[PDB]
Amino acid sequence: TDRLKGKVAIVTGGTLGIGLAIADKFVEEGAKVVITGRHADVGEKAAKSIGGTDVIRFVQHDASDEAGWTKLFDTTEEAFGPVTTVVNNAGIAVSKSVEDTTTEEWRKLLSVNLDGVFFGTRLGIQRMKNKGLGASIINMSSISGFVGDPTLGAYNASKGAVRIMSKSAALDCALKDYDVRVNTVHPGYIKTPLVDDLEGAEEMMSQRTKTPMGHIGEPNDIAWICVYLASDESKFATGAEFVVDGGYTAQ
């Protein structure tokens, strides 16, 4: 298995859940990976659970930390060579309607979910363009980038923003022949440690009126579409949306 031969990936929020599975399958397919997270013990443990430092490393980083992004790229390049792949997966969710959202909650969520993805996409383009790397930026943009949820106001705003901002970046890279693709991935409900904690969460998500398959997905479901998008298999795919959601948005 070598579908990501030679690739060097940054996966933000890669110590848990979806990000962890992305990192796992990236390494499996021959990529070198740096995962980020805010907790060192958890993060170091996550990295070692996947492989040795010759294929994967942890870097403590908050995606909303702009200066940290430059340090992150430098560290990754020093370890593994020129970055080829950026997965902007770090994010948080707040369960508040637009009406009930505090401005504090609004700004906090958008600093991670929107500013963080902007920082990673902007730097990704600057650092990876014109190097013949088959570079790929994969922005995590949710079913909440397509359809509203009354309890996810700020989250909806952030994911809609990521969805269309990514199209802008894809077009600019394509028109300028940067050899950088930008696409968005839109998970439906996926079983994560965060979902498991919230009592009744999986039950709500598994209703047929929400997810037609009647159950939520697993992190590997998102990892494999990310492998496709990071690989040269998808070299004609840019500015597009890839939805893996058990049928949620089809009805």
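Throughout, we count residues from 1 along the sequence that is shown.
- Do the CA atoms of 15-23 or those of 227-235 have the higher mean B-factor in the entry? Result of the comparison: 15-23.
- Task: Quick one: say whether 38-46 or 211-219 has the higher mean Cα B-factor in the deposited entry.
- Result: In the deposited entry, the stretch with the higher C-alpha B-factor mean is 38-46.
- Query: Among 136, 113, 156, 76, where is the Cα temperature factor highest, going by the PDB entry?
  - Reply: The C-alpha B-factor peaks, among 136, 113, 156, 76, at 76.
- Selection by C-alpha B-factor (highest) of 164, 174, 93, 125: In this record, 93 carries the highest C-alpha B-factor of the candidates.
- Task: For residue 71, return the chain-relative third of its C-alpha B-factor as stated in the PDB record: lowest, middle or highest.
- Result: Its C-alpha B-factor, which the entry lists for residue 71, ranks in the highest third among residues of this chain.
- Quick one: classify residue 56 as lowest, middle or highest third of the chain based on its Cα B-factor. Highest third - that is where residue 56 ends up once the chain's C-alpha B-factors are sorted.
- Query: Mind checking which third residue 131 falls in for C-alpha B-factor across the chain?
  - Reply: Highest third.
- Item | Assigned third (lowest, middle, highest) for the C-alpha B factor of residue 145 | Answer is lowest: the recorded C-alpha B-factor places it there.
- Message: Quick check on the deposited entry: does the C-alpha B-factor of residue 194 sit in the lowest, middle or highest third of its chain?
- Response: Top third by C-alpha B-factor.
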